[PDB]
Structures are given as structure tokens and as C-alpha cells.
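Read in order, the letters of the sequence shown correspond to residues 1 to 116 in the deposited numbering. Below is one structure, written out as C-alpha cells; the observations come after it.
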Amino acid sequence: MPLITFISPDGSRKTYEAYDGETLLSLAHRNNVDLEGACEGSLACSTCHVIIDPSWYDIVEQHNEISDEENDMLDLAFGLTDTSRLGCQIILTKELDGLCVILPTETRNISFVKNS
Numbered sequence: 001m002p003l004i005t006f007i008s009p010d011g012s013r014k015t016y017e018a019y020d021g022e023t024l025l026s027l028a029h030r031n032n033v034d035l036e037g038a039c040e041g042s043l044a045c046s047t048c049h050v051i052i053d054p055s056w057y058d059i060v061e062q063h064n065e066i067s068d069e070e071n072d073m074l075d076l077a078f079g080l081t082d083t084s085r086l087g088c089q090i091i092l093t094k095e096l097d098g099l100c101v102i103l104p105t106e107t108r109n110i111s112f113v114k115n116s
């Protein structure tokens, strides 16, 4: 259960421990913050996809070639962000341990708080 640095469009930056393949939902619950969805998600996520900021997406996309089957995966990708690769609901992962990336949702906050 590493930590991920979420940067905001205003220049701010939030800090909240993320999980493996777990969405921000798991955080909204721990932070007892007004969330919307009520989706427990999952408790056991392994060998999940990868999700990195949109600044690295262009790098990993050019560093890795896509085959007839790979490139086809994009044609099926619907609703996913341009920052999430081989994903579905954009779920963070420990893979970003000690790395800075942009949050999946469109939320933002700068005020410091000591959640439970």
C-alpha cells in the first residue's frame, strides 16, 4: 500500500496512500469524504493493468509497439482515459509507488486535512 502524488490543474498536489488496482473510491471512504458511487470495487487485485500520468503515456506508447491485436484493444476501449493503458475503469496501482501522476477523476483540493 504505497503512496501516490496526485497533481492538480491549479498547481496544487494531494497526498493519499493508494492501493493495487484500487480506484480513488477506496480513498474517498478512508477520507470519509463526500463520495458518489457506492462501489466497494475489489479487495484482491493482481496482475492488473497500468495507469500513469498523461505525460508518460506518450512515452510508454512510443516506447512500446502495438500489434494487430494490441492496437485493436484501443478500438474496444470506451470511456477510458488517455492516461490509462490496457485499463477499464482507471484504477491506480502500487506500480506508481514513489511516482507522481495525475488522478483519474476530475477532483481537486489543496486544504490540508488529517482524515481518520
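Cβ coordinates follow ideal geometry from the N, Cα and C atoms, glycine included.
Asked: In angstroms, rounded to a whole number, what distance separates the CA positions of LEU74 and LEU103?; Found: 21 Å
Asked: Keeping to the same chain, check which residues put their C-beta closer than 7 Å to that of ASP68; ignore five residues upstream and five downstream.; Found: none
Asked: Is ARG108 buried or exposed, if buried means 16 or more other CB atoms sit within 10 Å of its CB?; Found: exposed
Asked: In whole angstroms, give me the CA-to-CA distance for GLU65 and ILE59.; Found: 11 Å
Asked: In chain order, what residues of the same chain lie with their CB nearer than 7 Å to the CB of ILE91, ignoring the 5 residues before and after it?; Found: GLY21, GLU22, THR23, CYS48, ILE51
Asked: Could you compute how far the alpha carbon of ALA77 sits from the alpha carbon of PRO2?; Found: 28 Å
Asked: Taking the alpha carbon of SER84 as the reference point, which residue from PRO54, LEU99, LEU27 has its own alpha carbon closest?; Found: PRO54
Asked: Between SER12 and the rest of its own chain, which residues show a CB-CB distance below 8 Å, the 5 nearest in sequence each way excluded?; Found: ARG108, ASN109, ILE110
Asked: Counting C-beta neighbours from all protein chains within 10 Å, is the total for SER46 16 or more, i.e. buried, or is it exposed?; Found: exposed
Asked: What separation, rounded to the nearest whole angstrom, lies between the Cα atoms of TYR16 and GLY41?; Found: 18 Å
Asked: Apart from the five residues on each side of it in sequence, which residues of its chain come closer than 7 Å, Cβ to Cβ, to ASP10?; Found: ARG108
Asked: With which residues is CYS48 paired in a DSSP beta bridge?; Found: Partner(s): none; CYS48 has no beta bridge.
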